[PDB]
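Chains as they are written, first to last, in PDB author numbering: chain G, 292 to 581; chain Y, 406 to 510; chain R, 9 to 85; chain D, 16 to 1131; chain C, 1115 to 1265; chain Z, 824 to 1017; chain L, 7 to 97.
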Amino acid sequence: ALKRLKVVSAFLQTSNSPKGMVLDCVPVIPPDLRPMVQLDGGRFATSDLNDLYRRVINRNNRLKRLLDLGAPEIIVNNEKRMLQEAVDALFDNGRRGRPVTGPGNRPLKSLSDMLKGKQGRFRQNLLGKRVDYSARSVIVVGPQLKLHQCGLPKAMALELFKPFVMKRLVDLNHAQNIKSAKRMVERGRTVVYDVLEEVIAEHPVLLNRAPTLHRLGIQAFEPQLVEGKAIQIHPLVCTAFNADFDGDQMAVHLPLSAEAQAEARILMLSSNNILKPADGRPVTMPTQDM
Amino acid sequence: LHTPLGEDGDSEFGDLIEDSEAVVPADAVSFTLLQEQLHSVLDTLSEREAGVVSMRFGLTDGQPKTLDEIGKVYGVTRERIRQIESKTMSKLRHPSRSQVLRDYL
Amino acid sequence: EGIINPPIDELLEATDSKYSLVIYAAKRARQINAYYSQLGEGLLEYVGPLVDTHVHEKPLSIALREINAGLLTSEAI
Amino acid sequence: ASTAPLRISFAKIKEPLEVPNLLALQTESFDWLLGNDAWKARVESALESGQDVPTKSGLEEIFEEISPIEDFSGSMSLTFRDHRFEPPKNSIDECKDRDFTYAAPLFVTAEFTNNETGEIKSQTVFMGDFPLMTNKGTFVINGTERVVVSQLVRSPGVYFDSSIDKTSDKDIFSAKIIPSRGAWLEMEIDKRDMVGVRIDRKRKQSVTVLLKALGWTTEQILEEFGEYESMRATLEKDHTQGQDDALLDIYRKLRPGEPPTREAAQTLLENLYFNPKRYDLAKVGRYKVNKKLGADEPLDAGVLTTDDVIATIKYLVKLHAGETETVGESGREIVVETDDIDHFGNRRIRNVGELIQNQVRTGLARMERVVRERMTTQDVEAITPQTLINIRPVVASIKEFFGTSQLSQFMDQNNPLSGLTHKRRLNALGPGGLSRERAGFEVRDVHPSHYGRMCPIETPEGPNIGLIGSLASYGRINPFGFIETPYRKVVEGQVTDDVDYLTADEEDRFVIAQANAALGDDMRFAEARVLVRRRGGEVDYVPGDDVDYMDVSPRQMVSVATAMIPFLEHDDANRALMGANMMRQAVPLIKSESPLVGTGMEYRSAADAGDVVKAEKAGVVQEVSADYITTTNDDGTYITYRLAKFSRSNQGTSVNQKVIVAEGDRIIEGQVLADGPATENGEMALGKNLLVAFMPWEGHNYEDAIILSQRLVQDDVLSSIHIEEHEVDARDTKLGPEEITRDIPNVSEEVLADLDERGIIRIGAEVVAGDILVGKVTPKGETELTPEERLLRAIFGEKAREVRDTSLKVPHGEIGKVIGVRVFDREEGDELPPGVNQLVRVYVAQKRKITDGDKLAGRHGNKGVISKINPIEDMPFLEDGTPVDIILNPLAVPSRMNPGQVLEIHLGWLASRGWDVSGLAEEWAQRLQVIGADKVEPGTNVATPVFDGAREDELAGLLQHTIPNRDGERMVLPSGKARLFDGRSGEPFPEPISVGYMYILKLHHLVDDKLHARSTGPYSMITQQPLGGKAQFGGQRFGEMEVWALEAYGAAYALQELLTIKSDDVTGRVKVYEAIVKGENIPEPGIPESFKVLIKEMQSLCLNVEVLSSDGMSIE
Amino acid sequence: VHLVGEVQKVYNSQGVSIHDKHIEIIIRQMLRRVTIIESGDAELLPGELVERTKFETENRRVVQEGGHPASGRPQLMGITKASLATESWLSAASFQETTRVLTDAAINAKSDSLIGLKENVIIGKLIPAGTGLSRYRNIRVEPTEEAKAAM
Amino acid sequence: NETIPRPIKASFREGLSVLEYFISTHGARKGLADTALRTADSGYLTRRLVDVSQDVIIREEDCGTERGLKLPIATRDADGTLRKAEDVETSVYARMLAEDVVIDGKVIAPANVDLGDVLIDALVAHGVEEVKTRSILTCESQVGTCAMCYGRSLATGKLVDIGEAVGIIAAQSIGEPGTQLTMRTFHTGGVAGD
Amino acid sequence: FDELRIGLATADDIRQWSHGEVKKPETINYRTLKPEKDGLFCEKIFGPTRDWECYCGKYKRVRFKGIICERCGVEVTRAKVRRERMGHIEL
RNA sequence: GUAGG
Ligand SMILES: [Mg+2]
Ligand SMILES: [Zn+2]
Ligand SMILES: [Zn+2]
């Protein structure tokens, strides 16, 4: 009676009527959310929602046809049961009996299946998103740096700062126009690298390691060009990331807005994170060889 | 598209093929700079020559207008309009007002 | 000649917060950057960089330099 | 004799039994499956030798298993008596080149015999192409070399289990009879002090009703069960009686909703258990059941019988009674005991032949269903063998196995060792087996039975730990599917020569000694006390003459990869695990050199690997050239072997082959004539031997990093070729056909400088990022030119032609010199897939040298990334002036517990400059003299077997007596260290440092592949967040964990830009790019897109999610 | 005290040490809810979970109205149950279990105000924590009159 | 989880033997499997922690009340002497003293002043046995929890600024060493549930 | 943005959302590769497949937007409108 | 699917 009171009260308090329990028309998705893209080679590709929509439409059509003509109670009842089976699959396939397997090798992704789980829409496309202006590479120890310096390979820096390099080239008159500047940077002539070495400075980049257990996982550094193709990192801060050098890789994000770079200057700087917040003890003074 | 992509977990054939409708920001901004530079060189010429070339080639509306089609709002002849268009093409063909437009193609 | 060129502690004391400082320096840097992008329309409301400027520079460094020199001020609405 | 080059040995005991054919596992199983001449030859050889062997080929077994098809009338029948094969049309190399599945035709003689006509009609029918295993155990499918790996599973039979239930406060016993293919039956006792049966776990039920359902009467059941009160209680509690009543009860319970029926029940039970098709217990199943349940020679083949059911009931109840020894049911007295599933007695490996047989059996069952349907819908006298069958099922199933199947994996050709360790690996993951998520703590861990049958060291160290394992070195397969290992026979305390192969369970009976145990001059034990092992993995000792078996060689447990590591006994378990896992990833170099210090087995692991090219006749060589070697035998057969040059391997490395044999040298059969990748004189060589010293150095080798000279970069000591193949297809589309041609539209003339008139780049023309390789142009696109483009063209007087450029370009960040190009054309004789008119594939080959960031590692699990390549002079140089090629942190060695690397180094030094020891007369001196490793010249290799390796006294004595290298002095102290002058400062270092030679390999985790950056690139379709991956210019993922870190700081704006501007907002992205390139401030982000997709989806479930505001509707 | 001591003695066994404030935040979060008992005058259900703040507000309201206050007892619940029970449906749905929470929110018609962190991260707005806070966002930067005089 | 009766009698320098190597592998593989499982469990725990604790944020400069929480300043006090507790650092350091303390009729630690080595040493020297530290449990704030009660942060060494995310840092601190725990009962002892 | 209210969706609301009604299982033609009429992907219910191009071709240019051609009924607008507009099936 | 972390 307590549970029954709880649910009954909900209907009583809220204007929505209970008749919504039993729907009467089935909404359809806008088509681009279920794209039937074209592939080279004469093949095709389609999201599985098309198949469920086709099944419900077909069964509803056949039920209509059988209802127009005088038909037995057995057949119409069977068809209505089939329609129920179809609409239910569209809301969530595999919640009853055996999941619609379709091709036979796997279940069919329904509407609910996209909103739930590790691969769901919530936990893969609203919290953790992909981002432009980023890179990654192996790391090697650099002892000649300071506590706020990291070495970026030439190619990585060039590809991260391409808009800024192009603007600088047009301002210095090395490049006649934006298109010609783009051509020159893609070609990669020495003037482009000189401009790049000029432009990267006084601009923080956020180095980050994959597990990122605690808030010292992302730290800002002032970049610096260097040959090769491996980032250079300051040994002292290595133990804070838990970054070995057996073989590792580190993401290098780039802040763009004025606020983002200001934040990376004031808060996330590698020099203002001496103390680990777990217990208020120093963490940036490793001990392996020194 | 929801096939395993040959991977038991974390993968879908639907997340490996790039689309084509998406506007490339690089091409879009290059086009915007082209539009601005062309409008600037167009203003550099006489305002009348500017206007007639703009209406002939339709630089303010998608569809261009025919020669005589320009001789109604501006009240000129189908052959006058052709003549000024020809001398506009002659001037713009001059290497002076071509270099800034060379790289744009 | 570096990101850490202005020591932080002086900036912090004038601002009184580690977050008020970043917001205030960022607003000033935005104003300076938009002034350098004015390209000649000459709006009177905008103002230039009080401290001298290099041939190439980022507006935020100039902003933080003014804060350290203390020539600017802030007032919450 | 001259099989392998000279290599001094430090072994102390002579191995009786030489290693078997390392790759017998795949080849013998497939030979059995085919039923070819080799299988019958081995069968008769074993039969005359007396060894058990199967006399029935798997293929003819399955074809005979499918009985002749009978309709409801049973008038006609079809017998598939004999099959045969013919030479395949395509050569192996041709199939690799032209994308053809290497296969041969399968003909079977089908005999249709009809009683109504009383006539037999014979006809040979082609069942479908059959893929074939090349001589190296690799299946060439579609030009790619797949391999298939044997699979461990629980063999069929009777199993018993005992558990403890906390609630019951008493033990609960259960049993199961797991079949080969049929439904599974379980049998629990004292669940609540009673007994019951699970018929597919359908519903609760008792044993008594099942027994009543069977013909056995209540009276005889009481008579045979009167000695156990549990069964008496069960039946006296049972109310139902009579066979029919129990039958209808169980039928209603199993299939409720319909009235019971006697014949329906009877036939259902018969089909479920007694029909020979549904419940066909494998041969191993019965062989195991008879022994476990004690039945003495039951039916060799057949489904379970009621006698077996009653026998297992007896066994279960006896185990419940606490009795340990009991009389077998229709058998001898036997122990009753719960059995552990992990034990290797109950684990059986399906080899390749059995898997292929199972799949073709499924296909032939589908064929039988189809042909039975056709017969049911076919008229008499319109029936022929060639018409009734349909070859679609069999070929469909065999191809569906060889592609898209877990046990069918991509060959790894990093080096021959990778090939071998891929061939031998046993995988527990697969269909009808232990999956990824089904794993538990018990299965993964090692068991006392994995000794000489599975190496306990090498397994993937990733999440799938312990679910894959390599086969032991001396392992062999049982015809049933169990693994045996050899054991030397010991009698009356002496050592008999004969060797007997023992299985998992049979080893339990006897007590087996240890090979490492010393043996005197006589055949008797040197010491009365000796270590032994016995039942249950116990390791207790038993002095005196009590043992009967002993391990044939010390290296039984270790696998081939692990057994490569020298001084293995000193290293920890984890570090030898890592070291073995790493030797598979090395890459071959431009020039290879065999190890100066290393176990003596590398030669065999190289020769048995397929990459080397060994002669097959004992003749004389006439002409030697790099492209081909021509030899002639004394009989008269002239054979010319083709050496592959720079052919791309599977992983993308060169497979160059060098030539060893001179012109006039003689040849014995099997001798190596040419090296493969990573080989030298037929001996494995995955890396090079450097000079090394242990000392911290300026912090450039901090936390595992490595410092090495620039001499490596200068002499190409560590350099590897790399070949990239990329292809394009001149596909035809709706608008028209694509054209590959030199005339490209809207390009400069200079870019089309190396292109041939046909439009294909030349051979040897160096390329760079953005270049043009082959010039392809789209037929046409519907063009609606924009006004600005129209004006520009009109001013410039150019024509925007319909054809569009879609030419292949070199991928970004890729360089190389083109070495080879291949072209296939439709109208030519070559056949391509439908639609495509022409295909062009281009090779680009470069020579990557060792540079900063490249990984490096040795054999004992010590790995690091290069951190600095200092000049030659900066290296601390030894007293004579020799620089040290590599520097390693010492801080790692005691912490990582791998002391062996240190020992190796000293021995490495000893191998470089030879040792002279004659008449010294010390203990180690005498040991070296008897072993023969007394006199050595500089540079000659040394062999220290994995467990017979050199002790420390020998190393110390040799260090004391190294040959003088120059000026009659030894540069290394007796302690093993030497004085190192600094390179930069110039003064000597305070104390001597340890120095010597170490073998170093170059892992395949290069820096060139890992680098990636992205300004802006492609985007995704359903939601526009940038698609990831290096192959498509992907953006790094900002995870939920990563956002948490950014929210810790209190920074809100960086998060907002990371979530809106930099992705998931198409409108603001172009605006931001415009603002950056123009020079203005970044604009104000709006709402993202993925939220719109999510609300649209949630609206489609009949939930009206409204984005409202405080003041009514919101603005968006 | 028992909870903090137990967890800390578990941690320090190996040697890791953390301050007690970190644990105290969570331990306070656990006990925020309360089990209402004898829900006579309060007019809501008896023996169901209730936020402490709403309990206090309802008690003050009912005693002001003249009716006696419904009783309550502290109730210790796991972290999971607590997260699912949170007022905002959107944050709860973003947690592991989605279908049940979405269904219950739909039937109850609970409008989720966007106060919180995990609610605003999905919308792409500014988290109200630190630099994103209101008082830290509405200032104006002006150079001093003397500074403009300096030039 | 059993123990053998015959231990290895050799060191890695001397060199193990065959069955000794085997019975060492027995523990090595189990150790490795444990680490992989531990990462899965610790990661899951860290996720759960953040979600329950995300809402709390320091949204008030100073509290409105005075109630506090009693902590023992110095324990295990040997005869005739006072000894500070072994784990005073993780218990009362960095807190805030809600009420002022007077032992000899004069203030030694002023109210709302943090507790370091010098102040705690002076207090224990005077012979105080317990103190009333302000803490978040008794904190009464209309909006969230005031900074004054929370004490001073650890990564900065200074009082916590308004609006800091204390919940997320708390959860991250709890979850970080979960991988490092990596301990288990060496032997069940033949008894289950004890 | 001040709240995200959620409630039970009645039939009338589903009708309100719909810009049409699906009546077939058709998707596209096998030979012309264009979306069919009144099925899934129908232009007359969701939106034009190409920017400002109506299905019959009466309007193909950008200038004359915000108008429906009486031949096929397609409304000329940006293709992105397809990503938003939704239909509804009757039962 | 398998490697490296
Ligand atoms: Mg690491
Ligand atoms: Zn407070
Ligand atoms: Zn139309």
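Even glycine gets a Cβ: it sits at the ideal position worked out from N, Cα and C.
Helix, strand or coil for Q941 of chain D? Go by DSSP, reduced to three states.
Taking the fourth sequence and counting its residues from 1, the one referred to as residue 941 of chain D is at position 926. Helix, per DSSP.
Contact check, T500 of chain D vs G484 of chain D under 8 Å by CB: the rounded distance?
For this step, residue 500 of chain D is matched to residue 485 along the fourth sequence. For this step, residue 484 of chain D is matched to residue 469 along the fourth sequence. Between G484 of chain D and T500 of chain D the Cβ distance is about 15 Å, and since that is not below 8 Å, they are no contact.
Report whether the distance from the Cβ of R56 of chain L to the nearest heavy atom of ligand 3 is below 7 Å.
By one-based count along the seventh sequence, residue 56 of chain L stands at place 50. No, ligand 3 has no heavy atom inside 7 Å of this Cβ.
Say whether chain R places a C-beta atom closer than 8 Å to the C-beta of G1065 of chain D.
Your numbering for residue 1065 of chain D matches position 1050 in the fourth sequence. Yes, because at least one Cβ of chain R sits closer than 8 Å to the Cβ of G1065 of chain D.
Check the Cβ-Cβ distances between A1263 of chain C and every residue of chain L, and say whether any is below 8 Å.
Translated into the one-based positions of the fifth sequence, residue 1263 of chain C becomes position 149. No, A1263 of chain C does not count as interfacial toward chain L.
Hey, how far is the Cα of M447 of chain G from the Cα of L854 of chain D?
Along the first sequence, read from residue 1 onward, the residue named residue 447 of chain G stands at position 156. Along the fourth sequence, read from residue 1 onward, the residue named residue 854 of chain D stands at position 839. Their backbone Cα atoms lie some 34 Å apart in a straight line.
Any heavy atom of ligand 3 closer than 7 Å to the Cβ of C75 of chain L?
Within the seventh sequence, the letter at position 69 stands for residue 75 of chain L. Yes, ligand 3 has a heavy atom inside 7 Å of this Cβ.
Sorry if obvious, but does the Cβ on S964 of chain Z come closer than 7 Å to a heavy atom of ligand 2?
As a working note, residue 964 of chain Z is residue 141 in the sixth sequence. For ligand 2, at least one heavy atom lies less than 7 Å from the Cβ of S964 of chain Z.
Per DSSP, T655 of chain D forms a beta bridge with which residues?
Counting from 1 along the fourth sequence, the entry for residue 655 of chain D is found at position 640. In DSSP, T655 of chain D forms a bridge with D:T645.
Using the rule of at least 16 other Cβ atoms within 10 Å of the residue's Cβ for burial, across every protein chain shown, is residue 15 of chain D buried or exposed?
Summary: the structure shown does not reach residue 15 of chain D, with chain D confined to residues 16 through 1131, and so no result is reported for it.
According to the neighbour-count rule (16 or more other Cβ atoms, all chains shown, within 10 Å of its Cβ), is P322 of chain G buried or exposed?
Within the first sequence, the letter at position 31 stands for residue 322 of chain G. Buried: at least 16 other Cβ atoms inside 10 Å.
Evaluate the contact criterion for the region 413-425 of chain G versus the region 1097-1107 of chain D: three or more CB pairs, one atom per stretch, below 8 Å.
Yes, the region 413-425 of chain G is in contact with the region 1097-1107 of chain D.
When you measure from the CB of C62 of chain L to every non-hydrogen atom of ligand 3, does any distance come out below 7 Å?
Position 56 of the seventh sequence, counting from 1, holds the residue named residue 62 of chain L. Under cutoff, so the answer is yes.
Give a yes or no on whether the C-beta atoms belonging to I580 of chain D and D586 of chain D are separated by under 8 Å.
For this step, residue 580 of chain D is matched to residue 565 along the fourth sequence. For this step, residue 586 of chain D is matched to residue 571 along the fourth sequence. Yes, these two residues count as a Cβ contact at 8 Å.
Taking the beta carbon of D878 of chain Z as the centre, do at least 16 other beta carbons fall within 10 Å, making it buried, or is it exposed?
Stepping through the sixth sequence from its first residue, residue 878 of chain Z is reached at position 55. Buried, since its Cβ has 16 or more Cβ neighbours within 10 Å.
When you check each C-beta in the region 457-475 of chain G against every C-beta of chain Y, which residues fall closer than 9 Å?
Against chain Y - using a Cβ distance shorter than 9 Å - the residues of the region 457-475 of chain G are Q467, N468, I469, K470, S471, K473 and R474.
By Cβ distance below 8 Å, which residues in the same chain neighbour residue 583 of chain G in space, the five residues on each side in sequence not counted?
There is simply no residue 583 of chain G to check, as chain G begins at 292 and stops at 581 in what is shown.
Would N13 of chain R count as contacting chain D if we go by Cβ distances under 8 Å?
Within the third sequence, residue 13 of chain R is the residue found at index 5, counting from 1. Chain D contact via Cβ: absent.
If you measure from each residue's Cβ to the nearest non-hydrogen atom of ligand 1, which ones come out under 6 Å, in chain order?
Selection output, chain order preserved: G:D535, G:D537 and G:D539.
Assuming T756 of chain D contacts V792 of chain D (C-beta within less than 8 Å), just tell me the rounded distance between them.
Here residue 756 of chain D refers to the residue found at position 741 of the fourth sequence. Here residue 792 of chain D refers to the residue found at position 777 of the fourth sequence. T756 of chain D to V792 of chain D, Cβ: 7 Å. Contact.
Of all the residues that make up the region 14-36 of chain R, which are near chain Z by a beta-carbon distance shorter than 8 Å?
Listed by position, the residues of the region 14-36 of chain R near chain Z (Cβ gap below 8 Å) are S25, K26 and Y27.
Do the region 1011-1023 of chain D and the region 930-943 of chain D meet, that is, are 3 or more Cβ pairs less than 8 Å apart?
With a cut-off of 8 Å, the region 930-943 of chain D and the region 1011-1023 of chain D do not count as touching, because too few Cβ pairs lie within range.
Beta-carbon separation of residue 291 of chain G and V347 of chain G under 8 Å?
Because residue 291 of chain G is not part of the residues shown, which for chain G are 292 to 581, the question remains open.
Short of 8 Å in beta carbon distance, which residues of its chain neighbour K219 of chain D, apart from the five on each side in sequence? Order them along the chain.
Here residue 219 of chain D refers to the residue found at position 204 when the fourth sequence is read from its first residue. Result list for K219 of chain D: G211, in chain order.
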